[PDB]
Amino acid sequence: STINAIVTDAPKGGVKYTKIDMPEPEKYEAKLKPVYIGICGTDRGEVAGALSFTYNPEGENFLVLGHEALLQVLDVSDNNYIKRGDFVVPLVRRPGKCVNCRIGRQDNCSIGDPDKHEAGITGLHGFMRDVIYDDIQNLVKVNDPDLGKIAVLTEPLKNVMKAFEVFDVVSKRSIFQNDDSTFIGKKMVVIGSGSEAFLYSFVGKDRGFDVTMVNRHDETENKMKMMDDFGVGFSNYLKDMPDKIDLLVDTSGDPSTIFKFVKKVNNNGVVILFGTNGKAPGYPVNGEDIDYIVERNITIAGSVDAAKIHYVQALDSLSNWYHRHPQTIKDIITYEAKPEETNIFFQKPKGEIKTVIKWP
């Protein structure tokens, strides 16, 4: 069977909305269709040919892009969980055979490649294509009927849910809370201000943190209004440098910013490294920096990807925010594009939060 799809040639790079030949399967559990698809710097990165670990599935010449999906079930085997017309989010990372992979924690794989594989990124076709085939275990059912396009933010949000679990593990080193058991006054600072930063901030707000997003420039008003709505502050760190940080999260991947901010972190502080950029210039870390970290019992936790449970938590969080802030949540999506507007892979509008592809 022949369909439309947005493909790349991984890692060489490039983008193309074209038609490819998809065969059928033998014994398939599920047939699905895209409805919305989100995009982040990973996609623009793949297209730029800036990612050195990505590849096409074995034997093939191309890779179908897209990992942030919101699908609908075209057909399924009988099961207690989903049926035709239900809406689902698909799992990006699939398990291998390592001690972590065999228990649904492929996000914490002990080998790396090629034990596990990410859809749209590493040797496994993504979701920007008219027809998709999968197993029910890999699908996370959207139970909230009112969510609509908002559900597509599940994929990006689950990364934050995992990272926050990693926080909960590692903050058990000491008592992070107050005298009274609470997070009140506790300070989170999120580097950057794109969708991820937003999600990170929203969740920290749920967790009781006082949250400030930050950048090396003033932001657009839509973003400013968004941060305002949810009780999130903002600071241009060239004008006003936030001090006394309890939880620091980097979505930038930039060492100068990271470590500059690392030096503002309080005793028992936790820093989460999430954002990545292979090209970022080196920043000189010295004896005093390491001493700073050590003398304060600080933890720097790199975090990547997530387990299925974290997709469930992501969806339940989007429900809570929807029914409390319907409008402004809607406005996390800052542009909706047809599949042939491939310019979105190369462009970077001021004001962007999330860009999605409404699928025909």
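For every residue, the number given is its place in the sequence shown, counted from 1.
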### Query
With respect to the recorded C-alpha B factors, which stretch has the higher mean value, 169-177 or 99-107?
99-107
### Residue range whose averaged C-alpha B-factor is higher in the record, 214-222 or 195-203
214-222
### Query
In this PDB entry, which of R93, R129, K149, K187 has the top CA B-factor?
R129
### Task
Can you pull the Cα B-factors for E118, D289, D246, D254 from the entry and say which is highest?
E118
### Query
Should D144 be placed in the lowest, middle or highest third of its chain by the C-alpha B factor in the entry?
middle
## Note on the structure
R44: C-alpha B-factor third of its chain, per the entry, is the middle
### Task
Using the B-factor values recorded in the entry, state whether the Cα atom of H310 falls in the lowest, middle or highest third among the modelled residues of its chain.
lowest
### Message
When the deposited Cα B-factors of this chain's modelled residues are ordered and cut into thirds, is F274 in the lowest, the middle or the highest one?
### Response
lowest
### Message
Can you tell me whether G66 has a C-alpha B-factor in the lowest, middle or highest third compared with the other modelled residues of the same chain?
### Response
middle
